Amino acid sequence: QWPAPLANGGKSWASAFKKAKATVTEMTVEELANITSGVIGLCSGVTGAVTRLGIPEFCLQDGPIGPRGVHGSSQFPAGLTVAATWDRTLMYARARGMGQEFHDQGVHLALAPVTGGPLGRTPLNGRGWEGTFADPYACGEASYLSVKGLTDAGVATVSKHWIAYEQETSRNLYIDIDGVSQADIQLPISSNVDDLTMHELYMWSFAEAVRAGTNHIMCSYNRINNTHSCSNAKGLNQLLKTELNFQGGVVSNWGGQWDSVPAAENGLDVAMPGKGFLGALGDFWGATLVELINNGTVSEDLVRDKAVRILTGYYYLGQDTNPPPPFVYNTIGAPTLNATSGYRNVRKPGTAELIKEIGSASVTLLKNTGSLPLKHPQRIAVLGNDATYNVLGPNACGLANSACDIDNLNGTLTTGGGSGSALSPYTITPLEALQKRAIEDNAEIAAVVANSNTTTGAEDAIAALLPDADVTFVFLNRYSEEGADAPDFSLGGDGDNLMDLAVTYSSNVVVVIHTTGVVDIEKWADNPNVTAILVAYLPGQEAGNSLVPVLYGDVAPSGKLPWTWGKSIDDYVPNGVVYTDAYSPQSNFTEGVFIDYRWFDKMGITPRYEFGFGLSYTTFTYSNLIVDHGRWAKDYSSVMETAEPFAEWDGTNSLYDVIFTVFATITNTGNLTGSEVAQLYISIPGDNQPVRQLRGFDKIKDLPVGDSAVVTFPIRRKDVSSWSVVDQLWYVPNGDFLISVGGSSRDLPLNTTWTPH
């Protein structure tokens, strides 16, 4: 129903496309099928070579915190954790660092970053942590910078997952072992998404990935309107490849492809894993595609366009003239692949300190009745296995960080489970960072780290230790992983119990939370014995040494929440995860654009901590809001260009031009130096519009007491537009826009009204 436009190279890949075209033009049918389907190798996936032309096997490798399965590398903080920095410089630098390590391990294509699938419709999503903000605008800037940093290191990106992949449950990878297939049991969950919602929420971050020059995009496991993502013509050929003007390849999820012919006709470029994983995740092209070309049902012109999309990245990143080194680790594992591993160390100086700065910039202060910052306390108590090592080793949970037992004390939660985890060379534990600082103050320190419910004597030891401590730290965690959603907000392990004991025996409890998402702390958050509360997300290998300096006030906290923290799972979008045994499971996105905070705002629900909330050790006062209509500029800077239709198109201009700039002033009005994330929210007029939508942020660094700084927010045409289902285009409405500036999504003291002319 929607025809596949041919690739032409767009803006920045013109010469790379031309080499890709000339190379493909000399290929046999048997060669075209080789490069478009996966083969057996050491990496997550591997394209077939075209050996007659000197095109090698491309190594495709997970994942969104760095190369997975690999020794000799670093464990970076997750996307969640960089999001909470609200710092553009760090978002870029992390991706550049990941890229360096991908390149040096010999990866051609990184299966990274996550750029808005999952976006955040449900805060229970098992792999929400792999992405960044539950907000299209901020997820969009984060995705732009993440793709830029990876591509600038010389690795091709595969941005994922396209699209509306918002729950793990019933995602239902294609699996066929013993002749019984997943198709005989249950189809994938189907996101039924209206067109306005697709344009204004889910496509937004992908447009940014495309503009930043993402080389490839991964389709998703879910169906959309009862059509598989990997063979959805409206999705791939029309929305992605026509409207977003995407010039790269679509890569299948591993078990994302369910058929041979529709996938070919409808926009898929690469079948993965192909012959990897014994063929059990389907092997629908390869020789079957040769047959389909030669027997006439799939055209050779169509398949050539797939190969050109694959080769465009190869030539634009200069992998022909500067090939990556060889890839030496078996990341698949026996019995699936029998193959020894080499060894390579790629950790560069500077990487560890970068990982620590992202942790120190993201730790988010939620409550502080005056216990923080610490001074030089003499007697410190520490609770929870989250304060120390996994008792079986940092990497004991295996190549996907998901094979340890349900009750294992996994230690500090530095990453989540699944394809987006990575190995850690060590873990810097909160306990050891705390002890180091205790020794400097000549203090004492003791930690109870066992399970408080099941270890003989643990409850007594807690009761004897806590009453004489000046401060007691409670470390809590909540592991989640790809493949399942969290059943609710409950804390992991014995957390509930550690809290019940902590508040019973101590009056100065400081809680620290390592987590993949929102958790339930309602029983304790208003207890006056809990004097402070911090969420550190998934900080990677520098867990303790990033946190402790914030606790002791060497650096004031400046992280803010990148999603909403509701009091109950009941306060979020209804039917966040659908559980059914129907053969055709359905998820209807009837909420439309109202997910996360925009659902809270429209329903008049008050969260415990709102989107964009974080405390500091000082306070900031906002003043002098200026809307400068004189400060406009053409968009010149993008790597690639969309073909997104809009009403004000004149043949030269762009949906992404800056049409005006907004300024405000902040003043440090407390007693310490501190950083501040300023945020700008826009109320677009129209019917059934979000109360307010984030459209800017700007983080001021280390503003001294009594000093002032100007904060600046460039507003693009698209930032102030709506999508017209009837006209099929973006337009700026006439009407009153409200513009608000402040320190969180509910704390906005500056406001003004803009009416277009």
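Numbers for residues come from their place in the sequence shown, where the first is 1.
Averaged over Cα atoms, the B-factor as recorded in the entry is higher for 172-180 than for the other of 172-180 and 458-466. The mean C-alpha temperature factor is higher for 292-300 when 292-300 and 309-317 are set side by side. Residue-level inspection of the entry shows that, of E101, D650, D135, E610, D650 has the top Cα B-factor. Per the deposited record, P377 carries the highest C-alpha B-factor of all listed residues (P562, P377, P113, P539).
Sort the modelled residues of the chain by CA B factor and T712 lands in the highest third.
Per the deposited record, the Cα B-factor of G9 falls in the highest third when ranked against the other modelled residues of its chain. Looking at the C-alpha B-factors along this chain, the one for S740 belongs to the middle third.
Sort the modelled residues of the chain by CA B factor and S721 lands in the lowest third.
Compared with the other modelled residues of the chain, the Cα B-factor recorded for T81 ranks in the lowest third.
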